[PDB]
Amino acid sequence: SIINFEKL
Amino acid sequence: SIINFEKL
Amino acid sequence: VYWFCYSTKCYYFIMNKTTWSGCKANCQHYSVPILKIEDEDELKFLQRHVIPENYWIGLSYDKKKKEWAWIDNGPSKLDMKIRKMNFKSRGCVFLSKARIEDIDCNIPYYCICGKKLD
Amino acid sequence: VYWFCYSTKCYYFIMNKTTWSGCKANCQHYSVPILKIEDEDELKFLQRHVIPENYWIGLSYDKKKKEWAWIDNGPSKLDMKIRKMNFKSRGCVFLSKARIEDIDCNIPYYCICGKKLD
Amino acid sequence: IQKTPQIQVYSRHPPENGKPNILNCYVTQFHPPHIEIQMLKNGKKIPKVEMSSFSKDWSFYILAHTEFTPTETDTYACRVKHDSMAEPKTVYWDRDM
Amino acid sequence: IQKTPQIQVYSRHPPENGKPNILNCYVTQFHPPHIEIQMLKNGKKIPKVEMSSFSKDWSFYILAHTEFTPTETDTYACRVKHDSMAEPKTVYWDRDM
Amino acid sequence: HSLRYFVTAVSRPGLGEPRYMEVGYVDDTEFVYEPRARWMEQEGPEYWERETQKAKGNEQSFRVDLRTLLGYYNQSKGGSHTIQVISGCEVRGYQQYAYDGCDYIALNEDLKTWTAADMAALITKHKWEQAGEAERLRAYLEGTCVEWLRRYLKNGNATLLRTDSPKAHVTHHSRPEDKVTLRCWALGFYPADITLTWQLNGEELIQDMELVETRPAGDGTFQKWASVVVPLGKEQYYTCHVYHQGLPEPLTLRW
Amino acid sequence: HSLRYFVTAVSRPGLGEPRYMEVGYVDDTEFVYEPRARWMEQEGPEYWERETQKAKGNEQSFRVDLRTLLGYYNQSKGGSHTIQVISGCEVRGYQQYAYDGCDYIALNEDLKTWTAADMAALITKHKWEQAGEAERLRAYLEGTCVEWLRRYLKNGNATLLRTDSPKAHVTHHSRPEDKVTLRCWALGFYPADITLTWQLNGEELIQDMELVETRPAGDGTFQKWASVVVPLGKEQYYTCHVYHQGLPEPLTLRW
């Protein structure tokens, strides 16, 4: 149920 | 005899 | 292990990991109490100056007085009481170069003593 | 008109435009001498903290002792003696949020008194 | 950053001597995450020794568990080896605790 | 930033009274650059009054000059009006200086 | 009650690709792409696959990250390097980044503004606004996070709210030359948040106590203890105060 | 000896386009696109045109600048706004920007690194490296600036090195209730850099002097003066020390 993070 | 500056 | 300060306030930093009361002790032992983030920008300075790690600052939960209480027991301007703080964990607060989180007061971290100057 | 400080040093800032001796006077009159940029980074802090304007700092040309001399007459680490300083104009130095230039010591500018803390 | 682990050996239930128990070597607050945990019985390495996160303060935690039964002569300890310590830290079990 | 100008009226050569001279009203260290300089003779505006940079400290300088001859009764001053002052600053010439 | 993820991306060079994980905790509790908190099994396949797919997508995404940061840090393709993240909400919303142990990037009180820890994160911050992930985030947190969060308990408020009270008792251990070290104890309690403190005549005793990091047992329950060294014959002056949530009133003991 | 330009770009809205100028000084001296230091006339047309063209090109370039800065400063198309620059070399090289009176951007001691004064110049700095004007500059300064600089004096080291010594004398003005105000003077000297200081028995007197900003006369020469208020009958204790370069020895007076 995680989120999706925008590469740093 | 001035120089030419690169717009800020 | 050293001391530095900003505007109307002088600080001392312990680089010896201990429990929260850990600072209180040494902090007052050098007569400069564990820190009190008094207002907005002050925090900002800290986090920046602060070498990378977790520091304790006087900001614990007065168990029976059911309330987070500063060490001088006087409010700050920092009402980031908004970090709601408290979830199935109670305790004390610490500072990161980019954090202000709470945790188990027996965890050994570095120290931040913060006496005023005026 | 106020005072702030960084690490091992506490400062006082006069917001009243005067000649260079202008600071010296008031500076020592509040027993905190006109400033002495002791080392690299210190300058960096100043320029940043410093509200926008021209400040005088103890750094003049000792006319007969033919040499730029700090106010404590002790060198700094700041050997930005490299701003060569001196051209058909002699005098005193002032600081800008992004400058360190010299000029006519009778020009009225703001003040920067810099006493040590250790 | 390089944090020193925080070992502690204790049993799942009070030890009743020559009575089966489950040892728990709880290593905590350490960095980096790589770390090998030795489960000893008189220096002797224990073959099977079950393993396997970091807390809000970024510190990597791990718990190791191997069944056992307390003697009043034999002994146990936990041997941890990390890049935070030159050589290994061993912590003998303190039933007495 | 808004700096107050620094007026000073003096002659090109020592005044020998009823002897032709050249007044110099030297306005300095001011900001911003816009600025009107009145050259008076007993409140009276002088028609022609020649004009026209900033020093290393960014302060805008200007010098104004109009010929004249010193009396021992008539008088002169310089009237400067800037956004740094609410109303105008006038500085009477102090031959005596 | 709250729900948080703890992400772990650790580049172990020469040793393949970075070992990456994603973990879930409703509160201090683990739950999850094999799930590990049983009551979660109550969720089907086509949950577990839109899901796992996700990890793969991040495993893959961090892979870039892991690298871009050597970039930002002048670093090397030498040692290991670890990236951690904490994304989760309460019912405060979490999105916390650390790299190597030091704090990196973070979402502040009113999730709309970040806070970097150095020139690095600094130029990760300045991008996320050129890409408004402040909001790409705000939602989820406020949005779906909570939905899942609540839409979760339901599958286990059975244990996700249980509360077995702690069972204290105090021990007495001799210390050389006339001193005894009392040890209040605290077994089989959950949650693990407890507070054990000694008192000498009603005075707290946080100057010479010797608490032990509250340790887990192996069956959800937890154990912990606090020790004091008291002069011989003068025990009954020193009392132990246990305060745990599943406790009508805090305990109190003397041995 | 040195050569410096002082640029001025001042947007006066509603009032047309920005008034822009370019000025030259070999040292504190003006010289220049009608040139204004006569000995410079010794330069032809096809000097004056590659040149003036330049001003037009900057007038045009700053025009952008002048604007881009409202950009950077959230500002307005309301009031006036002024940009100044100092580009020049000695034989230290100058490239100094100020905007509105406050310091803006600058080239540091070893011209290869700048220094901004605020979030603004800050994002003018960070570009110039993405455009290496650190060096686009280094040259000129070290390069051609000096060439022109030297290639200049030659056309006037006649006056660009002259030195008419100052002519002092001291006045005596009464002050009410027994005090007299002595005024040392200093006329017709060049260069304008001078140093006039009073002394009471060999002690400097920079506590109650009253110097006047060294003022120009109209013919290159300069005038200036320093005043002291001395008690009646006790003048001859107070001396005036004039120190100017075209002076074998500094003067000294008593009235």
# chains A, B, ... in the order shown; residues from 1 in each chain; ligands from 1
$ interface_residues --of "chain G" --to "chain A" --cutoff "7 Å" --atoms "only C-alpha atoms" --output "list in words"
residues 5, 51, 58, 61, 62, 64, 65, 68, 124 and 148 of chain G
$ residues_around --residues "residue G:7" --least-positions-apart "3" --cutoff "9 Å" --atoms "only C-alpha atoms" --output "list in words"
residues 20, 21, 22, 23, 24, 83, 84, 85, 86 and 87 of chain G
$ write_last_selection --atoms "C-alpha atoms" --output "mmCIF file, in the first residue's frame"
data_model
loop_
_atom_site.group_PDB
_atom_site.id
_atom_site.type_symbol
_atom_site.label_atom_id
_atom_site.label_comp_id
_atom_site.auth_asym_id
_atom_site.auth_seq_id
_atom_site.Cartn_x
_atom_site.Cartn_y
_atom_site.Cartn_z
ATOM 1 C CA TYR G 20 15.886 -2.917 -1.621
ATOM 2 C CA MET G 21 12.937 -3.472 0.705
ATOM 3 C CA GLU G 22 9.593 -1.862 1.586
ATOM 4 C CA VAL G 23 8.031 -2.484 4.947
ATOM 5 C CA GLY G 24 4.785 -1.578 6.572
ATOM 6 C CA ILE G 83 18.952 5.363 1.242
ATOM 7 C CA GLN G 84 16.033 5.154 3.606
ATOM 8 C CA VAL G 85 12.586 6.583 3.495
ATOM 9 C CA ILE G 86 9.623 6.770 5.733
ATOM 10 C CA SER G 87 6.325 7.484 4.030
#
$ atom_distance --atom1 "atom CA of residue G:239" --atom2 "atom CA of residue G:200"
6.3 Å
$ atom_distance --atom1 "atom CA of residue F:91" --atom2 "atom CA of residue H:209"
21.0 Å
$ residues_around --residues "residue C:58" --least-positions-apart "6" --cutoff "7 Å" --atoms "only C-alpha atoms" --output "MDAnalysis selection string"
chainID C and resid 34:36 70:71
$ write_last_selection --atoms "C-alpha atoms" --output "tab-separated table (two decimals), in the first residue's frame"
chain	number	residue	atom	x	y	z
C	34	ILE	CA	19.39	21.56	27.72
C	35	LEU	CA	18.08	23.55	24.71
C	36	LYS	CA	14.80	25.37	24.21
C	70	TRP	CA	9.65	22.84	27.43
C	71	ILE	CA	12.42	22.64	29.99
$ closest_residue --among "D:15, D:23, D:113, D:103" --to "residue D:88" --atoms "only C-alpha atoms"
D:103
$ closest_residue --among "D:67, D:53, D:72, D:38" --to "chain F" --atoms "only C-alpha atoms"
D:53
$ calpha_fit_and_write --fixed "chain C" --moving "chain D" --output "tab-separated table (two decimals) with N, CA and C atoms, in the first residue's frame"
chain	number	residue	atom	x	y	z
D	1	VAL	N	31.07	18.79	23.23
D	1	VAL	CA	32.54	19.00	23.28
D	1	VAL	C	33.02	20.40	22.86
D	2	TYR	N	32.09	21.31	22.54
D	2	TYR	CA	32.44	22.69	22.13
D	2	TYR	C	31.27	23.68	22.29
D	3	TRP	N	31.49	24.96	21.99
D	3	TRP	CA	30.40	25.94	22.09
D	3	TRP	C	30.42	27.05	21.02
D	4	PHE	N	29.22	27.35	20.55
D	4	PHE	CA	29.03	28.33	19.51
D	4	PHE	C	27.73	29.06	19.78
D	5	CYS	N	27.55	30.23	19.20
D	5	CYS	CA	26.26	30.85	19.40
D	5	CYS	C	25.80	31.77	18.35
D	6	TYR	N	24.51	31.99	18.36
D	6	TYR	CA	23.98	32.84	17.35
D	6	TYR	C	23.71	34.21	17.96
D	7	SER	N	22.61	34.82	17.58
D	7	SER	CA	22.28	36.15	18.04
D	7	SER	C	22.17	36.38	19.55
D	8	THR	N	20.96	36.57	20.07
D	8	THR	CA	20.87	36.85	21.49
D	8	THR	C	20.81	35.59	22.31
D	9	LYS	N	21.75	34.69	22.05
D	9	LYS	CA	21.76	33.41	22.72
D	9	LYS	C	23.06	32.64	22.48
D	10	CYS	N	23.64	32.08	23.54
D	10	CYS	CA	24.86	31.30	23.36
D	10	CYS	C	24.66	29.83	23.68
D	11	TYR	N	25.17	28.98	22.80
D	11	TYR	CA	25.02	27.52	22.89
D	11	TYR	C	26.24	26.69	23.22
D	12	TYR	N	25.97	25.51	23.73
D	12	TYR	CA	27.04	24.59	24.03
D	12	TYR	C	26.53	23.24	23.48
D	13	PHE	N	27.43	22.49	22.84
D	13	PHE	CA	27.12	21.20	22.21
D	13	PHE	C	27.98	20.08	22.75
D	14	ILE	N	27.31	19.06	23.29
D	14	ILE	CA	27.95	17.88	23.85
D	14	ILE	C	27.99	16.88	22.71
D	15	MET	N	29.15	16.28	22.46
D	15	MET	CA	29.26	15.30	21.39
D	15	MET	C	29.43	13.91	22.01
D	16	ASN	N	28.71	13.68	23.10
D	16	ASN	CA	28.77	12.40	23.81
D	16	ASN	C	27.38	11.78	23.92
D	17	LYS	N	27.13	10.72	23.15
D	17	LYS	CA	25.81	10.11	23.17
D	17	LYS	C	25.30	9.58	24.50
D	18	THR	N	24.14	10.09	24.91
D	18	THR	CA	23.46	9.66	26.14
D	18	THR	C	21.94	9.75	26.04
D	19	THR	N	21.31	9.33	27.13
D	19	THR	CA	19.87	9.36	27.30
D	19	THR	C	19.56	10.83	27.43
D	20	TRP	N	18.27	11.19	27.35
D	20	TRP	CA	17.80	12.58	27.44
D	20	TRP	C	18.22	13.29	28.74
D	21	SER	N	17.88	12.71	29.89
D	21	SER	CA	18.27	13.28	31.18
D	21	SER	C	19.77	13.46	31.06
D	22	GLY	N	20.35	12.69	30.14
D	22	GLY	CA	21.77	12.76	29.87
D	22	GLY	C	22.14	14.21	29.66
D	23	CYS	N	21.49	14.92	28.74
D	23	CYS	CA	21.86	16.32	28.59
D	23	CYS	C	21.56	17.05	29.89
D	24	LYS	N	20.27	17.13	30.25
D	24	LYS	CA	19.84	17.84	31.47
D	24	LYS	C	20.98	17.91	32.46
D	25	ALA	N	21.50	16.73	32.79
D	25	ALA	CA	22.61	16.62	33.72
D	25	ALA	C	23.74	17.49	33.20
D	26	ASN	N	24.62	16.91	32.38
D	26	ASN	CA	25.73	17.69	31.86
D	26	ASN	C	25.27	19.12	31.53
D	27	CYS	N	24.18	19.27	30.77
D	27	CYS	CA	23.75	20.62	30.43
D	27	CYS	C	23.80	21.51	31.66
D	28	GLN	N	23.01	21.21	32.69
D	28	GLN	CA	23.04	22.07	33.86
D	28	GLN	C	24.37	21.98	34.59
D	29	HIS	N	25.06	20.84	34.47
D	29	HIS	CA	26.37	20.70	35.10
D	29	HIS	C	27.37	21.75	34.58
D	30	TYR	N	27.12	22.30	33.39
D	30	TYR	CA	27.94	23.38	32.83
D	30	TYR	C	27.01	24.60	32.88
D	31	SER	N	26.12	24.57	33.87
D	31	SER	CA	25.12	25.59	34.11
D	31	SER	C	24.38	26.13	32.88
D	32	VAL	N	24.52	25.47	31.73
D	32	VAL	CA	23.77	25.88	30.55
D	32	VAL	C	22.79	24.77	30.22
D	33	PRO	N	21.53	24.94	30.63
D	33	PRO	CA	20.42	24.01	30.42
D	33	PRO	C	20.32	23.39	29.03
D	34	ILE	N	19.63	22.26	28.97
D	34	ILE	CA	19.39	21.56	27.72
D	34	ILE	C	18.61	22.58	26.89
D	35	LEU	N	18.74	22.55	25.56
D	35	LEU	CA	18.08	23.55	24.71
D	35	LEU	C	16.57	23.71	24.75
D	36	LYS	N	16.17	24.90	24.29
D	36	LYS	CA	14.80	25.37	24.21
D	36	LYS	C	14.62	26.11	22.87
D	37	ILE	N	14.08	25.45	21.84
D	37	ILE	CA	13.91	26.17	20.58
D	37	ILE	C	12.79	27.16	20.77
D	38	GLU	N	13.20	28.38	21.08
D	38	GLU	CA	12.32	29.51	21.35
D	38	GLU	C	11.47	30.02	20.20
D	39	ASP	N	12.03	30.09	19.00
D	39	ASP	CA	11.25	30.59	17.88
D	39	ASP	C	11.69	30.04	16.52
D	40	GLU	N	10.82	30.22	15.53
D	40	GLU	CA	11.00	29.80	14.14
D	40	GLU	C	12.45	29.74	13.67
D	41	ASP	N	12.93	30.86	13.15
D	41	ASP	CA	14.28	30.98	12.62
D	41	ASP	C	15.38	30.33	13.47
D	42	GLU	N	15.30	30.42	14.80
D	42	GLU	CA	16.33	29.79	15.65
D	42	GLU	C	16.51	28.35	15.21
D	43	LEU	N	15.41	27.60	15.17
D	43	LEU	CA	15.46	26.20	14.73
D	43	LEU	C	16.31	26.22	13.44
D	44	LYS	N	15.80	26.88	12.40
D	44	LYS	CA	16.50	26.99	11.11
D	44	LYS	C	18.02	27.13	11.19
D	45	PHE	N	18.51	27.94	12.12
D	45	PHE	CA	19.95	28.15	12.31
D	45	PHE	C	20.61	26.86	12.80
D	46	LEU	N	19.98	26.29	13.82
D	46	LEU	CA	20.44	25.06	14.44
D	46	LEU	C	20.70	24.02	13.39
D	47	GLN	N	19.61	23.46	12.86
D	47	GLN	CA	19.62	22.42	11.84
D	47	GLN	C	20.76	22.60	10.85
D	48	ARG	N	21.01	23.85	10.49
D	48	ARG	CA	22.06	24.20	9.55
D	48	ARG	C	23.43	24.08	10.23
D	49	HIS	N	23.62	24.80	11.33
D	49	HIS	CA	24.90	24.72	12.03
D	49	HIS	C	25.20	23.27	12.43
D	50	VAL	N	24.27	22.72	13.20
D	50	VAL	CA	24.33	21.35	13.69
D	50	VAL	C	25.05	20.36	12.76
D	51	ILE	N	26.08	19.71	13.28
D	51	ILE	CA	26.81	18.72	12.50
D	51	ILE	C	25.79	17.57	12.44
D	52	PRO	N	25.76	16.78	11.34
D	52	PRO	CA	24.85	15.64	11.09
D	52	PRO	C	24.73	14.55	12.15
D	53	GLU	N	23.58	14.48	12.81
D	53	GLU	CA	23.35	13.47	13.86
D	53	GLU	C	22.05	13.84	14.56
D	54	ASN	N	21.75	13.09	15.62
D	54	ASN	CA	20.56	13.37	16.39
D	54	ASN	C	20.89	13.99	17.74
D	55	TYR	N	20.32	15.16	17.96
D	55	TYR	CA	20.56	15.88	19.19
D	55	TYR	C	19.27	15.91	19.97
D	56	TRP	N	19.41	15.95	21.30
D	56	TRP	CA	18.28	16.03	22.22
D	56	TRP	C	18.16	17.49	22.54
D	57	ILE	N	16.95	17.99	22.72
D	57	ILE	CA	16.74	19.37	23.13
D	57	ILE	C	15.65	19.24	24.18
D	58	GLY	N	15.71	20.06	25.22
D	58	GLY	CA	14.70	19.98	26.27
D	58	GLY	C	13.27	20.08	25.74
D	59	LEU	N	12.63	18.94	25.47
D	59	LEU	CA	11.25	18.94	24.99
D	59	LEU	C	10.60	17.57	25.15
D	60	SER	N	10.21	17.28	26.39
D	60	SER	CA	9.62	16.01	26.76
D	60	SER	C	8.20	16.09	27.22
D	61	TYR	N	7.61	14.91	27.35
D	61	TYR	CA	6.23	14.75	27.75
D	61	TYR	C	6.11	14.65	29.28
D	62	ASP	N	5.59	15.67	29.96
D	62	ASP	CA	5.49	15.58	31.42
D	62	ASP	C	4.45	14.57	31.85
D	63	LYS	N	4.76	13.31	31.65
D	63	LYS	CA	3.83	12.25	31.98
D	63	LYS	C	2.62	12.62	32.81
D	64	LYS	N	2.73	12.88	34.10
D	64	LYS	CA	1.44	13.19	34.71
D	64	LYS	C	0.85	14.54	34.28
D	65	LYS	N	1.65	15.60	34.12
D	65	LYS	CA	1.07	16.88	33.69
D	65	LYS	C	0.63	16.76	32.23
D	66	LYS	N	0.27	15.54	31.83
D	66	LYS	CA	-0.16	15.20	30.47
D	66	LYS	C	0.05	16.29	29.44
D	67	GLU	N	1.31	16.63	29.20
D	67	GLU	CA	1.57	17.64	28.22
D	67	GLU	C	3.04	17.78	27.92
D	68	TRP	N	3.30	18.06	26.65
D	68	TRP	CA	4.63	18.28	26.18
D	68	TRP	C	5.02	19.58	26.84
D	69	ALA	N	6.19	19.57	27.45
D	69	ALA	CA	6.63	20.74	28.15
D	69	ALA	C	8.08	21.07	27.90
D	70	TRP	N	8.32	22.34	27.64
D	70	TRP	CA	9.65	22.84	27.43
D	70	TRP	C	10.33	22.70	28.77
D	71	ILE	N	11.66	22.78	28.77
D	71	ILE	CA	12.42	22.64	29.99
D	71	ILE	C	12.27	23.83	30.93
D	72	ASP	N	12.03	25.02	30.41
D	72	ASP	CA	11.84	26.19	31.27
D	72	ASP	C	10.34	26.25	31.59
D	73	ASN	N	9.62	25.26	31.05
D	73	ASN	CA	8.19	25.13	31.27
D	73	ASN	C	7.43	26.36	30.82
D	74	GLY	N	8.07	27.07	29.91
D	74	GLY	CA	7.50	28.26	29.35
D	74	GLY	C	7.42	27.95	27.88
D	75	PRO	N	6.33	28.38	27.25
D	75	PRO	CA	6.16	28.13	25.83
D	75	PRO	C	7.22	28.80	25.01
D	76	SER	N	7.31	28.31	23.79
D	76	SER	CA	8.22	28.80	22.83
D	76	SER	C	7.26	29.52	21.87
D	77	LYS	N	7.78	29.99	20.74
D	77	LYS	CA	7.00	30.68	19.71
D	77	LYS	C	6.76	29.63	18.69
D	78	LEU	N	7.59	28.61	18.86
D	78	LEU	CA	7.62	27.41	18.07
D	78	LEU	C	6.44	26.62	18.55
D	79	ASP	N	5.31	26.75	17.89
D	79	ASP	CA	4.23	25.93	18.32
D	79	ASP	C	4.21	24.97	17.16
D	80	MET	N	5.18	24.08	17.13
D	80	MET	CA	5.20	23.11	16.08
D	80	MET	C	4.82	21.89	16.93
D	81	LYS	N	3.76	22.14	17.70
D	81	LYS	CA	3.09	21.19	18.57
D	81	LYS	C	2.32	20.54	17.48
D	82	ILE	N	2.54	21.07	16.30
D	82	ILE	CA	1.83	20.59	15.15
D	82	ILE	C	2.45	19.27	14.64
D	83	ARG	N	3.72	19.00	15.02
D	83	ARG	CA	4.41	17.76	14.65
D	83	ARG	C	3.62	16.85	15.49
D	84	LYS	N	2.30	16.90	15.44
D	84	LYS	CA	1.61	16.22	16.52
D	84	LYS	C	2.27	15.33	17.53
D	85	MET	N	3.28	14.58	17.19
D	85	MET	CA	3.98	14.00	18.31
D	85	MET	C	3.17	13.22	19.35
D	86	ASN	N	3.19	11.90	19.25
D	86	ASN	CA	2.48	10.99	20.14
D	86	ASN	C	1.76	10.15	19.11
D	87	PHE	N	1.90	8.85	19.30
D	87	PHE	CA	1.38	7.83	18.42
D	87	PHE	C	1.73	6.67	19.35
D	88	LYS	N	1.53	5.40	19.02
D	88	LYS	CA	1.89	4.40	20.04
D	88	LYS	C	3.35	4.39	20.55
D	89	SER	N	3.83	5.58	20.92
D	89	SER	CA	5.18	5.90	21.44
D	89	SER	C	5.10	7.28	22.16
D	90	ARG	N	5.64	7.44	23.37
D	90	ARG	CA	5.62	8.75	24.10
D	90	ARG	C	7.09	9.26	24.20
D	91	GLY	N	7.48	9.99	25.25
D	91	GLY	CA	8.90	10.34	25.34
D	91	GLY	C	9.58	11.72	25.32
D	92	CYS	N	10.55	11.88	24.40
D	92	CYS	CA	11.36	13.11	24.24
D	92	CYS	C	11.64	13.47	22.78
D	93	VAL	N	12.08	14.70	22.55
D	93	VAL	CA	12.36	15.19	21.19
D	93	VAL	C	13.85	15.36	20.85
D	94	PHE	N	14.18	15.19	19.58
D	94	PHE	CA	15.55	15.38	19.13
D	94	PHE	C	15.57	16.12	17.81
D	95	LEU	N	16.70	16.73	17.49
D	95	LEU	CA	16.82	17.50	16.27
D	95	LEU	C	17.80	16.92	15.24
D	96	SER	N	17.43	17.05	13.98
D	96	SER	CA	18.25	16.58	12.89
D	96	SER	C	18.54	17.78	12.02
D	97	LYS	N	19.51	17.65	11.14
D	97	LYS	CA	19.79	18.76	10.28
D	97	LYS	C	18.50	19.11	9.53
D	98	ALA	N	17.56	18.18	9.47
D	98	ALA	CA	16.32	18.47	8.77
D	98	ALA	C	15.11	17.85	9.47
D	99	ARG	N	15.25	17.60	10.76
D	99	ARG	CA	14.18	17.01	11.52
D	99	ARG	C	13.97	17.51	12.93
D	100	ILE	N	12.78	17.20	13.41
D	100	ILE	CA	12.38	17.48	14.77
D	100	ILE	C	11.39	16.37	14.97
D	101	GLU	N	11.87	15.32	15.61
D	101	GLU	CA	11.06	14.17	15.87
D	101	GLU	C	11.21	13.82	17.33
D	102	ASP	N	10.27	13.01	17.79
D	102	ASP	CA	10.22	12.55	19.16
D	102	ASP	C	10.59	11.07	19.19
D	103	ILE	N	10.95	10.56	20.37
D	103	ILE	CA	11.30	9.15	20.51
D	103	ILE	C	11.52	8.69	21.96
D	104	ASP	N	12.07	7.48	22.13
D	104	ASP	CA	12.37	6.83	23.43
D	104	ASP	C	13.50	7.59	24.16
D	105	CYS	N	13.16	8.23	25.27
D	105	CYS	CA	14.12	9.04	26.03
D	105	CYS	C	15.36	8.34	26.62
D	106	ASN	N	15.56	7.07	26.32
D	106	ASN	CA	16.71	6.37	26.85
D	106	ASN	C	17.68	6.07	25.72
D	107	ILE	N	17.33	6.55	24.54
D	107	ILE	CA	18.16	6.37	23.36
D	107	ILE	C	19.34	7.34	23.46
D	108	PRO	N	20.57	6.84	23.30
D	108	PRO	CA	21.68	7.79	23.41
D	108	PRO	C	21.95	8.59	22.15
D	109	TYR	N	21.86	9.92	22.28
D	109	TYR	CA	22.08	10.89	21.20
D	109	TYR	C	23.02	11.99	21.69
D	110	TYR	N	23.37	12.94	20.82
D	110	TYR	CA	24.23	14.05	21.21
D	110	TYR	C	23.45	15.13	21.99
D	111	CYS	N	24.15	16.14	22.53
D	111	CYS	CA	23.49	17.20	23.30
D	111	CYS	C	23.51	18.63	22.81
D	112	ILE	N	22.43	19.33	23.12
D	112	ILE	CA	22.31	20.72	22.74
D	112	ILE	C	21.82	21.58	23.91
D	113	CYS	N	22.76	22.18	24.64
D	113	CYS	CA	22.43	23.05	25.77
D	113	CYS	C	22.22	24.48	25.24
D	114	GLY	N	21.12	25.13	25.62
D	114	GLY	CA	20.87	26.48	25.11
D	114	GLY	C	20.49	27.60	26.07
D	115	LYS	N	21.50	28.28	26.60
D	115	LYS	CA	21.28	29.38	27.54
D	115	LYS	C	21.06	30.67	26.77
D	116	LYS	N	20.31	31.60	27.38
D	116	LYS	CA	20.04	32.89	26.74
D	116	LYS	C	21.18	33.83	27.03
D	117	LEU	N	21.20	34.97	26.35
D	117	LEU	CA	22.28	35.90	26.60
D	117	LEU	C	21.92	37.25	27.17
D	118	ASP	N	20.65	37.62	27.08
D	118	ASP	CA	20.26	38.91	27.61
D	118	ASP	C	19.96	38.88	29.11
$ residues_around --residues "stretch 43-56 of chain E" --least-positions-apart "2" --cutoff "8 Å" --atoms "only C-alpha atoms" --output "ChimeraX atom specification"
/C:103 /E:29,38-41,58-66,76-77 /G:6
$ select_by_dssp --residues "chain D" --states "helix (DSSP H, G or I)" --output "list in words"
residues 20, 21, 22, 23, 24, 25, 26, 27, 28, 29, 40, 41, 42, 43, 44, 45, 46, 47, 48, 49, 63, 64 and 65 of chain D
$ select_by_dssp --residues "stretch 134-242 of chain H" --states "strand (DSSP E or B)" --output "ChimeraX atom specification"
/H:167,170-175,179-189,195-200,203-204,210-211,215-216,222-231,238-242
$ atom_distance --atom1 "atom CA of residue G:236" --atom2 "atom CA of residue E:97"
21.0 Å
$ interface_residues --of "chain H" --to "chain F" --cutoff "7 Å" --atoms "only C-alpha atoms" --output "JSON, numbers by chain"
{"H": [100, 101, 102, 217, 218]}
$ write_last_selection --atoms "C-alpha atoms" --output "mmCIF file, in the first residue's frame"
data_model
loop_
_atom_site.group_PDB
_atom_site.id
_atom_site.type_symbol
_atom_site.label_atom_id
_atom_site.label_comp_id
_atom_site.auth_asym_id
_atom_site.auth_seq_id
_atom_site.Cartn_x
_atom_site.Cartn_y
_atom_site.Cartn_z
ATOM 1 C CA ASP H 100 19.486 50.081 -6.260
ATOM 2 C CA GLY H 101 22.349 51.001 -3.916
ATOM 3 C CA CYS H 102 22.789 47.563 -2.378
ATOM 4 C CA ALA H 217 37.551 73.254 -7.548
ATOM 5 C CA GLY H 218 36.785 73.260 -11.264
#
